[PDB]
Amino acid sequence: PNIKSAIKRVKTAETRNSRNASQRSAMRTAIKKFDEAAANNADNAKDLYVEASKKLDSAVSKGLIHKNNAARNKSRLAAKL
Amino acid sequence: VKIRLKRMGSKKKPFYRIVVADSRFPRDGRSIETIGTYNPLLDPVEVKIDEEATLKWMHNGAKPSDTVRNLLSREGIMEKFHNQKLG
RNA sequence: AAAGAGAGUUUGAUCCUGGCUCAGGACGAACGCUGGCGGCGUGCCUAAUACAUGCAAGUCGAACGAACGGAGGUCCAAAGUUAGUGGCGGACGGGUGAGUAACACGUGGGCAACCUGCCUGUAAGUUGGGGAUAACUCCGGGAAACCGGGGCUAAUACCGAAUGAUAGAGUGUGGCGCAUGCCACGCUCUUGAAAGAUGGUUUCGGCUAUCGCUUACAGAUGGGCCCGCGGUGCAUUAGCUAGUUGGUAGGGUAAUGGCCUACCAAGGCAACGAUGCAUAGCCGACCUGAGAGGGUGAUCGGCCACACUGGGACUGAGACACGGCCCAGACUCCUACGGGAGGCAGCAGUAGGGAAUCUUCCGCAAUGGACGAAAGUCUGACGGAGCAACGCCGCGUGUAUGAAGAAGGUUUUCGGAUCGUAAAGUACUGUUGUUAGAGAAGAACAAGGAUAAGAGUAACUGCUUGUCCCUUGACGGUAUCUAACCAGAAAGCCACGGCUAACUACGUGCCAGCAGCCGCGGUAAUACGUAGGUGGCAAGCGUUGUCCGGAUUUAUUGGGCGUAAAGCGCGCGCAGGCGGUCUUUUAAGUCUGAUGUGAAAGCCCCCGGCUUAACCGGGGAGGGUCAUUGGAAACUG
Ligand SMILES: [Mg+2]
Ligand SMILES: [Mg+2]
Ligand SMILES: [Mg+2]
Ligand SMILES: [Mg+2]
Ligand SMILES: [Mg+2]
Ligand SMILES: [Mg+2]
Ligand SMILES: [Mg+2]
Ligand SMILES: [Mg+2]
Ligand SMILES: [Mg+2]
Ligand SMILES: [Mg+2]
Ligand SMILES: [Mg+2]
Ligand SMILES: [Mg+2]
Ligand SMILES: [Mg+2]
Ligand SMILES: [Mg+2]
Ligand SMILES: [Mg+2]
Ligand SMILES: [Mg+2]
Ligand SMILES: [Mg+2]
Ligand SMILES: [Mg+2]
Ligand SMILES: [Mg+2]
Ligand SMILES: [Mg+2]
Ligand SMILES: [Mg+2]
Ligand SMILES: [Mg+2]
Ligand SMILES: [Mg+2]
Ligand SMILES: [Mg+2]
Ligand SMILES: [Mg+2]
Ligand SMILES: [Mg+2]
Ligand SMILES: [Mg+2]
Ligand SMILES: [Mg+2]
Ligand SMILES: [Mg+2]
Ligand SMILES: [Mg+2]
Ligand SMILES: [Mg+2]
Ligand SMILES: [Mg+2]
Ligand SMILES: [Mg+2]
Ligand SMILES: [Mg+2]
Ligand SMILES: [Mg+2]
Ligand SMILES: [Mg+2]
Ligand SMILES: [Mg+2]
Ligand SMILES: [Mg+2]
Ligand SMILES: [Mg+2]
Ligand SMILES: [Mg+2]
Ligand SMILES: [Mg+2]
Ligand SMILES: [Mg+2]
Ligand SMILES: [Mg+2]
Ligand SMILES: [Mg+2]
Ligand SMILES: [Mg+2]
Ligand SMILES: [Mg+2]
Ligand SMILES: [Mg+2]
Ligand SMILES: [Mg+2]
Ligand SMILES: [Mg+2]
Ligand SMILES: [Mg+2]
Ligand SMILES: [Mg+2]
Ligand SMILES: [Mg+2]
Ligand SMILES: [Mg+2]
Ligand SMILES: [Mg+2]
Ligand SMILES: [Mg+2]
Ligand SMILES: [Mg+2]
Ligand SMILES: [Mg+2]
Ligand SMILES: [Mg+2]
Ligand SMILES: [Mg+2]
Ligand SMILES: [Mg+2]
Ligand SMILES: [Mg+2]
Ligand SMILES: [Mg+2]
Ligand SMILES: [Mg+2]
Ligand SMILES: [Mg+2]
Ligand SMILES: [Mg+2]
Ligand SMILES: [Mg+2]
Ligand SMILES: [Mg+2]
Ligand SMILES: [Mg+2]
Ligand SMILES: [Mg+2]
Ligand SMILES: [Mg+2]
Ligand SMILES: [Mg+2]
Ligand SMILES: [Mg+2]
Ligand SMILES: [Mg+2]
Ligand SMILES: [Mg+2]
Ligand SMILES: [Mg+2]
Ligand SMILES: [Mg+2]
Ligand SMILES: [Mg+2]
Ligand SMILES: [Mg+2]
Ligand SMILES: [Mg+2]
Ligand SMILES: [Mg+2]
Ligand SMILES: [Mg+2]
Ligand SMILES: [Mg+2]
Ligand SMILES: [Mg+2]
Ligand SMILES: [Mg+2]
Ligand SMILES: [Mg+2]
Ligand SMILES: [Mg+2]
Ligand SMILES: [Mg+2]
Ligand SMILES: [Mg+2]
C-alpha cells in the first residue's frame, strides 16, 4: 500500500480475522458436537443443546453472525430433538 | 438526509435551490424533493419556501446546513419547529 | 392551431417508366486563404496503447509519549498551549464505454420471501471482574523491503458474571387474509448488554449537564430479489439442452429459489424464430422531417459494467473493493543473486497512432463532502484564471455634405461610358483604442460576548429558540464608471453559360486546363489563366467526410404487376388471415370519468433578470396500446 491509512486497516484486518476465525471455529465445533449427540441415541444432547444456542446468541452480540442466522440455526437444530 | 442548497445559473452569476437530498449524492446530482429558491445577488435576499414540507422533513430527521438554518430562522421555520416540539 | 416548391439528363422530335446529379439543414469535425473585440458554451471521436514529474483521503490529545516563561536547587530546572495504539472515514466524491442481445435499461407492479451505519422519536439500562498487548527497552538475522526472541504498561482495545427478549420450543384466546399464512394479547421454561470522557453543584458522599455505549419499537434513507410489456442484422444459422425439467428430504443465504447435495420420473425451449454467428452500454434526449418516420447516443442528468489480464477471500451496516490484501501471467525497476517494488480508463503533463484536439496555473472566499464538542485539517469535488474564430450571440473598421463628375485604372463604335459622392475639401463623434484616475455584488456565516424566553431540575452548568456586538474574497483593482486625444491603429473569401444571384477585354489553341451534371478547350472562348466590373456572405469564406430532406427511390400516412422490373405451369389442402341475416346475454377488443405515476434539465406558452441578444430564473403545457377503479353496449370477439 501507499496510503498511511491502508497499512493500519490491513493490520486491523489480520487481527480481526484471527479473532473472528477463533470464535467461528468454536461455534461450529459446538454445533457439530450437538448434532453428533442428537443424530445417535439420546444421551445428553438436550443438555448440550442449551449451550449450543448460547454459542450462537453471544456470537450475535459479538457481531460475527446475523440475528436471523442465529434464530434460523437454533430453530433448525431444535427439530432434531 | 439534509435540506441542501444546489447551485446553478451562470459564471459569476449563481442561483440556488433549497432542496432535500442525501449526503452521499452529488451536489447537482440526484435529490429527493425541491422546496425553495435562494438568490444572493440582490441586496435584499429573495427566499421562497414551502414552509410546510420543510417542517415535515424537519420532523422526520432532515438536518439542514448553516445557511439553510439561517434562512429557516429568518423565515420563522425554526421558531415554529421549536414551538411544535414544545406543544 | 398545424398543414408539403423543384431543375438537368435516354430522342430527328414526343409522351410515359427509371436510375444518376444538384439546389437546404446539422457537426465533439478536418484542410486552404484570411483574421479586430466582448459575453456564454465546447475541446483524444483513433491505441480499454505505454507512462516520466507533482498533487488527488484523511481526521480525532474530551482514551495512553512537545519548546519557552517558569517552583525549586551564582549554576541546572519540577507543573502550564503540538508523533503512535484505538474510533470514524477510505464502498462517497472522480474517470472510462472495453465487455454485455440480458430483468443491463425504460415503463408498471409484487415481496403474507428481505436487509439498512450515520439521521429523528419513544420506551429501559449503562451494575460488577479478569488476562494481556503494542508503544518502550535489550538480544540476534540482516544489502535493503523488514523479520524473530526476552522484559515492561495503558485504555471508549479484548474476554467471563448479575439482570433484561416481541430470539427457540411448547402452548392458549380473539380477529382475519392472497394458497403458503397475517395481526393483537396471554402462559412456562432456555439463552443474549453495555464504556466511559469533558464540566457544574454539593459535603466531599451524592445529585446533575453534554457527548458517548447496549437492547427493543416506529419514521426517513439507501440497497436486495421476482414479474407483465417495449427498443438489432443473418434461415446461404434448424434443432438446442441433462442440474437440464419437476418432485421428495437436506444444506446455505438477510430473504424465495437446483443457489448447492442425495433420491425418484424424462422432462423443458423452439417457424409467435429456440440455438449459433456479427455488431452494440441503456434512457431522458440531439439532427432532420409537413407529419408519420429516418439517423445518432457529443455536452448535462439517471441506471449499468470496468479499473494491466485471470482467479479468490478477509474487515466492514454496506466491497468480492480505481489510488486495500493473496496467487498465477506479461511488462518496468533495485539487488550484495538470497530476494524485493509498481499499475494516470483521477487532475495537469510525456511518447506513439491520427486529418485532428488545451496549462506540469490560483484558492478553500462561496456550495457540498470526511473527521471533531468546537476552533480547525484535508478536499485537482468545486469556485476561478490560461490556450484553441471550435460554435451561438453582440459591436466596430467612421458619419453628414461634397461634381455633368478630382486625378488615374477598365474599355471605346477612341464623341464617350465605367469605377463614382467613391475621393480631396468640408463640419462632427469616440462604440473600440491610447493616457490618468475612482471601483462593486458574489458574505450567509461558523465560532466568540451579552441578552430575553422555555424544558429539565433541589439548585446550578449546559441545552432549544429569538435579538444584538465583532470577524472573514483566489477571482481582483475584476466587471463598471469618470475625463483628455485620435479618422486616425482594424477586411477578407467564393462565384458570374443553365440549374443559381451576377460580363467585358487580353493570352492560349483538343495544349495548358476546368468540372456536381448538361459538358467546355481544334483562331472572334460571357465555362481555361489574368485584368476591370458585378453578385453573395462577412471576421469569416470555401473544400472534404457523415446523417436527414428533396426520394411516393420499400409508398400504413403514400406505388405497383397485358406490352417498360414485377401473377408461381397447375391442383389437393395443415397452420394462419377473412367471413350471410335476426334475437338474448358477456365487456376480451372499442369509447369515456376519477386516483397514482411518466425525476431534473431539453422542445413549446406566458412572465421576468443581465444596457439588447445569446444566457439565466419562475410558473404552466406536452409526452403511455401505464397500473387501481366506475361507467355505455353501435361495431369486432
Ligand atoms: Mg456470555
Ligand atoms: Mg441479520
Ligand atoms: Mg454553509
Ligand atoms: Mg444537376
Ligand atoms: Mg480553420
Ligand atoms: Mg493568417
Ligand atoms: Mg468574441
Ligand atoms: Mg476514448
Ligand atoms: Mg498523533
Ligand atoms: Mg460513481
Ligand atoms: Mg456512456
Ligand atoms: Mg479489566
Ligand atoms: Mg495488564
Ligand atoms: Mg501489564
Ligand atoms: Mg435472563
Ligand atoms: Mg415475555
Ligand atoms: Mg394480503
Ligand atoms: Mg407475556
Ligand atoms: Mg451473559
Ligand atoms: Mg455535544
Ligand atoms: Mg466522544
Ligand atoms: Mg426509444
Ligand atoms: Mg435507439
Ligand atoms: Mg428447501
Ligand atoms: Mg463496444
Ligand atoms: Mg444542441
Ligand atoms: Mg419528406
Ligand atoms: Mg447525441
Ligand atoms: Mg467523451
Ligand atoms: Mg450520461
Ligand atoms: Mg484504471
Ligand atoms: Mg493502460
Ligand atoms: Mg463480514
Ligand atoms: Mg478506493
Ligand atoms: Mg491510478
Ligand atoms: Mg489525465
Ligand atoms: Mg504528441
Ligand atoms: Mg470548501
Ligand atoms: Mg463546508
Ligand atoms: Mg492532502
Ligand atoms: Mg475540473
Ligand atoms: Mg473548473
Ligand atoms: Mg480545437
Ligand atoms: Mg466564435
Ligand atoms: Mg457575427
Ligand atoms: Mg481603414
Ligand atoms: Mg472618410
Ligand atoms: Mg465622408
Ligand atoms: Mg485608358
Ligand atoms: Mg464617402
Ligand atoms: Mg496621456
Ligand atoms: Mg486607483
Ligand atoms: Mg486603469
Ligand atoms: Mg442560545
Ligand atoms: Mg444566541
Ligand atoms: Mg449587525
Ligand atoms: Mg462586541
Ligand atoms: Mg474578531
Ligand atoms: Mg469560513
Ligand atoms: Mg491575490
Ligand atoms: Mg492585479
Ligand atoms: Mg475597467
Ligand atoms: Mg491627452
Ligand atoms: Mg494626437
Ligand atoms: Mg485612438
Ligand atoms: Mg477626432
Ligand atoms: Mg478613419
Ligand atoms: Mg481587419
Ligand atoms: Mg474564367
Ligand atoms: Mg476582381
Ligand atoms: Mg465584392
Ligand atoms: Mg421516404
Ligand atoms: Mg412504381
Ligand atoms: Mg392484380
Ligand atoms: Mg416484362
Ligand atoms: Mg397463369
Ligand atoms: Mg413467368
Ligand atoms: Mg397454382
Ligand atoms: Mg386456418
Ligand atoms: Mg359478423
Ligand atoms: Mg420534465
Ligand atoms: Mg441537465
Ligand atoms: Mg428583458
Ligand atoms: Mg433556454
Ligand atoms: Mg425555464
Ligand atoms: Mg420550468
Ligand atoms: Mg405544451
Ligand atoms: Mg347486442
# chains A, B, ... in the order shown; residues from 1 in each chain; ligands from 1
$ closest_atom_pairs --of "chain C" --to "ligand 26" --cutoff "10 Å" --atoms "only C-alpha atoms (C1' of nucleotides) and all ligand atoms" --output "tab-separated table"
residue	atom	partner	partner_atom_place_in_ligand_line	distance
C:26	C1'	ligand 26	1 (Mg)	9.6
C:286	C1'	ligand 26	1 (Mg)	6.1
C:287	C1'	ligand 26	1 (Mg)	8.6
C:298	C1'	ligand 26	1 (Mg)	9.3
C:299	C1'	ligand 26	1 (Mg)	8.6
C:602	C1'	ligand 26	1 (Mg)	9.3
$ write_last_selection --atoms "C-alpha atoms (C1' of nucleotides)" --output "PDB file, in the first residue's frame"
ATOM      1  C1'   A C  26     -26.715  19.909 -38.826  1.00  0.00           C
ATOM      2  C1'   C C 286     -29.700  15.523 -30.220  1.00  0.00           C
ATOM      3  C1'   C C 287     -30.071  16.259 -36.020  1.00  0.00           C
ATOM      4  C1'   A C 298     -21.058  14.765 -28.463  1.00  0.00           C
ATOM      5  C1'   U C 299     -22.060  18.255 -23.537  1.00  0.00           C
ATOM      6  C1'   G C 602     -34.421  19.909 -23.059  1.00  0.00           C
TER       7        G C 602
END
$ residues_around --residues "range 29-43 of chain B" --least-positions-apart "3" --cutoff "6 Å" --atoms "only C-alpha atoms (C1' of nucleotides)" --output "ChimeraX atom specification"
/B:15-21,26,46-50 /C:441
$ write_last_selection --atoms "N, CA, C and O atoms (P, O5', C5', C4', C3', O3' and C1' of nucleotides)" --output "PDB file, in the first residue's frame"
ATOM      1  N   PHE B  15     -27.254  31.043  -8.729  1.00  0.00           N
ATOM      2  CA  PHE B  15     -28.610  30.952  -8.211  1.00  0.00           C
ATOM      3  C   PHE B  15     -28.745  29.623  -7.482  1.00  0.00           C
ATOM      4  O   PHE B  15     -28.104  28.632  -7.846  1.00  0.00           O
ATOM      5  N   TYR B  16     -29.572  29.605  -6.440  1.00  0.00           N
ATOM      6  CA  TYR B  16     -29.596  28.469  -5.532  1.00  0.00           C
ATOM      7  C   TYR B  16     -31.001  27.905  -5.376  1.00  0.00           C
ATOM      8  O   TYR B  16     -31.986  28.647  -5.377  1.00  0.00           O
ATOM      9  N   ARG B  17     -31.076  26.585  -5.235  1.00  0.00           N
ATOM     10  CA  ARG B  17     -32.309  25.876  -4.917  1.00  0.00           C
ATOM     11  C   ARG B  17     -32.182  25.227  -3.545  1.00  0.00           C
ATOM     12  O   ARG B  17     -31.215  24.506  -3.284  1.00  0.00           O
ATOM     13  N   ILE B  18     -33.155  25.478  -2.674  1.00  0.00           N
ATOM     14  CA  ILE B  18     -33.248  24.774  -1.399  1.00  0.00           C
ATOM     15  C   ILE B  18     -33.921  23.433  -1.668  1.00  0.00           C
ATOM     16  O   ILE B  18     -35.112  23.382  -1.984  1.00  0.00           O
ATOM     17  N   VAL B  19     -33.151  22.352  -1.551  1.00  0.00           N
ATOM     18  CA  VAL B  19     -33.582  21.013  -1.924  1.00  0.00           C
ATOM     19  C   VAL B  19     -33.149  20.053  -0.822  1.00  0.00           C
ATOM     20  O   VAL B  19     -32.138  20.275  -0.152  1.00  0.00           O
ATOM     21  N   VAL B  20     -33.915  18.979  -0.634  1.00  0.00           N
ATOM     22  CA  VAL B  20     -33.562  17.924   0.312  1.00  0.00           C
ATOM     23  C   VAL B  20     -32.992  16.743  -0.463  1.00  0.00           C
ATOM     24  O   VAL B  20     -33.525  16.360  -1.514  1.00  0.00           O
ATOM     25  N   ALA B  21     -31.887  16.190   0.030  1.00  0.00           N
ATOM     26  CA  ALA B  21     -31.223  15.078  -0.637  1.00  0.00           C
ATOM     27  C   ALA B  21     -30.282  14.397   0.347  1.00  0.00           C
ATOM     28  O   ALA B  21     -30.057  14.878   1.460  1.00  0.00           O
ATOM     29  N   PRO B  26     -24.146  13.546  -5.446  1.00  0.00           N
ATOM     30  CA  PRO B  26     -23.501  14.766  -5.944  1.00  0.00           C
ATOM     31  C   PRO B  26     -24.335  16.005  -5.653  1.00  0.00           C
ATOM     32  O   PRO B  26     -25.557  15.946  -5.493  1.00  0.00           O
ATOM     33  N   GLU B  46     -34.082  37.322  -1.667  1.00  0.00           N
ATOM     34  CA  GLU B  46     -35.401  36.800  -2.007  1.00  0.00           C
ATOM     35  C   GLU B  46     -35.368  35.286  -1.844  1.00  0.00           C
ATOM     36  O   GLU B  46     -34.769  34.581  -2.662  1.00  0.00           O
ATOM     37  N   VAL B  47     -36.007  34.791  -0.789  1.00  0.00           N
ATOM     38  CA  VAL B  47     -36.065  33.365  -0.496  1.00  0.00           C
ATOM     39  C   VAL B  47     -37.531  32.970  -0.406  1.00  0.00           C
ATOM     40  O   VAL B  47     -38.264  33.477   0.452  1.00  0.00           O
ATOM     41  N   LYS B  48     -37.960  32.078  -1.290  1.00  0.00           N
ATOM     42  CA  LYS B  48     -39.284  31.479  -1.225  1.00  0.00           C
ATOM     43  C   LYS B  48     -39.149  30.034  -0.767  1.00  0.00           C
ATOM     44  O   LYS B  48     -38.229  29.327  -1.185  1.00  0.00           O
ATOM     45  N   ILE B  49     -40.061  29.600   0.101  1.00  0.00           N
ATOM     46  CA  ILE B  49     -40.002  28.254   0.654  1.00  0.00           C
ATOM     47  C   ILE B  49     -41.418  27.794   0.970  1.00  0.00           C
ATOM     48  O   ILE B  49     -42.312  28.604   1.230  1.00  0.00           O
ATOM     49  N   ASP B  50     -41.619  26.475   0.924  1.00  0.00           N
ATOM     50  CA  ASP B  50     -42.947  25.910   1.141  1.00  0.00           C
ATOM     51  C   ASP B  50     -43.422  26.127   2.573  1.00  0.00           C
ATOM     52  O   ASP B  50     -44.605  26.410   2.802  1.00  0.00           O
TER      53      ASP B  50
ATOM     54  P     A C 441     -19.259  44.346  -2.161  1.00  0.00           P
ATOM     55  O5'   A C 441     -20.528  43.488  -2.589  1.00  0.00           O
ATOM     56  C5'   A C 441     -21.797  44.103  -2.752  1.00  0.00           C
ATOM     57  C4'   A C 441     -22.671  43.306  -3.682  1.00  0.00           C
ATOM     58  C3'   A C 441     -22.594  41.798  -3.515  1.00  0.00           C
ATOM     59  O3'   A C 441     -23.399  41.329  -2.450  1.00  0.00           O
ATOM     60  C1'   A C 441     -22.433  42.345  -5.805  1.00  0.00           C
TER      61        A C 441
END
$ residues_near_ligand --ligand "ligand 22" --cutoff "9 Å" --atoms "only C-alpha atoms (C1' of nucleotides) and all ligand atoms" --output "list in words"
residues 106, 230, 231 and 283 of chain C
$ residues_near_ligand --ligand "ligand 30" --cutoff "10 Å" --atoms "only C-alpha atoms (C1' of nucleotides) and all ligand atoms" --output "count of residues only"
8
$ atom_distance --atom1 "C1' of residue 466 in chain C" --atom2 "CA of residue 82 in chain B"
11.1 Å
$ residues_around --residues "residue 27 in chain A" --least-positions-apart "2" --cutoff "8 Å" --atoms "only C-alpha atoms (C1' of nucleotides)" --output "list in words"
residues 23, 24, 25, 29, 30, 31, 52, 55 and 56 of chain A
$ interface_residues --of "chain A" --to "chain C" --cutoff "7 Å" --atoms "only C-alpha atoms (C1' of nucleotides)" --output "ChimeraX atom specification"
/A:6,13,16-17,50,53-54,57-58,71,74-75
$ residues_near_ligand --ligand "ligand 41" --cutoff "9 Å" --atoms "only C-alpha atoms (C1' of nucleotides) and all ligand atoms" --output "list in words"
residues 347, 380, 381 and 382 of chain C
$ select_by_dssp --residues "chain A" --states "alpha helix (DSSP H)" --output "ChimeraX atom specification"
/A:4-39,46-62,67-78
$ residues_around --residues "residue 66 in chain B" --least-positions-apart "2" --cutoff "8 Å" --atoms "only C-alpha atoms (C1' of nucleotides)" --output "number ranges by chain"
B: 64, 68-70; C: 445-446
$ write_last_selection --atoms "N, CA and C atoms (P, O5', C5', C4', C3', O3' and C1' of nucleotides)" --output "PDB file, in the first residue's frame"
ATOM      1  N   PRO B  64     -30.564  20.530   8.519  1.00  0.00           N
ATOM      2  CA  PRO B  64     -30.155  21.494   7.493  1.00  0.00           C
ATOM      3  C   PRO B  64     -28.676  21.848   7.618  1.00  0.00           C
ATOM      4  N   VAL B  68     -28.900  27.308   5.323  1.00  0.00           N
ATOM      5  CA  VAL B  68     -30.294  26.877   5.302  1.00  0.00           C
ATOM      6  C   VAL B  68     -30.927  27.082   6.672  1.00  0.00           C
ATOM      7  N   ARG B  69     -30.167  26.810   7.738  1.00  0.00           N
ATOM      8  CA  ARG B  69     -30.648  27.094   9.086  1.00  0.00           C
ATOM      9  C   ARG B  69     -30.912  28.582   9.269  1.00  0.00           C
ATOM     10  N   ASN B  70     -30.016  29.430   8.758  1.00  0.00           N
ATOM     11  CA  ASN B  70     -30.219  30.872   8.865  1.00  0.00           C
ATOM     12  C   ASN B  70     -31.480  31.309   8.129  1.00  0.00           C
TER      13      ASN B  70
ATOM     14  P     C C 445     -25.877  36.357   8.621  1.00  0.00           P
ATOM     15  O5'   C C 445     -24.381  35.999   9.032  1.00  0.00           O
ATOM     16  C5'   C C 445     -24.106  34.987   9.991  1.00  0.00           C
ATOM     17  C4'   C C 445     -23.686  33.701   9.328  1.00  0.00           C
ATOM     18  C3'   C C 445     -23.094  32.636  10.237  1.00  0.00           C
ATOM     19  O3'   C C 445     -24.087  31.890  10.916  1.00  0.00           O
ATOM     20  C1'   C C 445     -21.762  32.860   8.288  1.00  0.00           C
ATOM     21  P     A C 446     -24.005  31.685  12.508  1.00  0.00           P
ATOM     22  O5'   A C 446     -22.836  30.621  12.698  1.00  0.00           O
ATOM     23  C5'   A C 446     -22.938  29.315  12.148  1.00  0.00           C
ATOM     24  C4'   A C 446     -21.617  28.593  12.204  1.00  0.00           C
ATOM     25  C3'   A C 446     -20.896  28.644  13.543  1.00  0.00           C
ATOM     26  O3'   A C 446     -21.376  27.689  14.473  1.00  0.00           O
ATOM     27  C1'   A C 446     -19.385  29.215  11.828  1.00  0.00           C
TER      28        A C 446
END
$ atom_distance --atom1 "CA of residue 26 in chain A" --atom2 "CA of residue 79 in chain A"
21.9 Å
$ residues_around --residues "range 263-276 of chain C" --least-positions-apart "4" --cutoff "9 Å" --atoms "only C-alpha atoms (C1' of nucleotides)" --output "PDB file with C-alpha atoms (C1' of nucleotides), in the first residue's frame"
ATOM      1  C1'   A C 235     -32.571 -19.231 -42.012  1.00  0.00           C
ATOM      2  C1'   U C 237     -27.623 -20.100 -38.688  1.00  0.00           C
ATOM      3  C1'   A C 238     -32.828 -25.773 -37.541  1.00  0.00           C
ATOM      4  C1'   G C 239     -32.874 -28.157 -33.762  1.00  0.00           C
ATOM      5  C1'   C C 240     -30.965 -26.940 -28.658  1.00  0.00           C
ATOM      6  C1'   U C 241     -30.485 -28.596 -23.611  1.00  0.00           C
ATOM      7  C1'   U C 244     -31.425 -29.543 -17.708  1.00  0.00           C
ATOM      8  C1'   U C 245     -37.291 -30.208 -16.447  1.00  0.00           C
ATOM      9  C1'   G C 246     -40.481 -31.317 -11.959  1.00  0.00           C
ATOM     10  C1'   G C 247     -40.977 -33.648  -7.172  1.00  0.00           C
ATOM     11  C1'   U C 248     -39.448 -35.820  -2.104  1.00  0.00           C
ATOM     12  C1'   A C 249     -35.824 -34.560   2.101  1.00  0.00           C
TER      13        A C 249
END
$ residues_around --residues "residue 43 in chain A" --least-positions-apart "6" --cutoff "12 Å" --atoms "only C-alpha atoms (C1' of nucleotides)" --output "list in words"
residues 34, 36, 37, 49 and 81 of chain A
$ interface_residues --of "chain B" --to "chain C" --cutoff "6 Å" --atoms "only C-alpha atoms (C1' of nucleotides)" --output "list in words"
residues 9, 24, 27, 41, 60, 61, 67 and 79 of chain B
$ residues_near_ligand --ligand "ligand 73" --cutoff "12 Å" --atoms "only C-alpha atoms (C1' of nucleotides) and all ligand atoms" --output "list in words"
residues 17, 18, 552, 553, 554, 555, 558, 559, 560, 561, 564, 565 and 566 of chain C
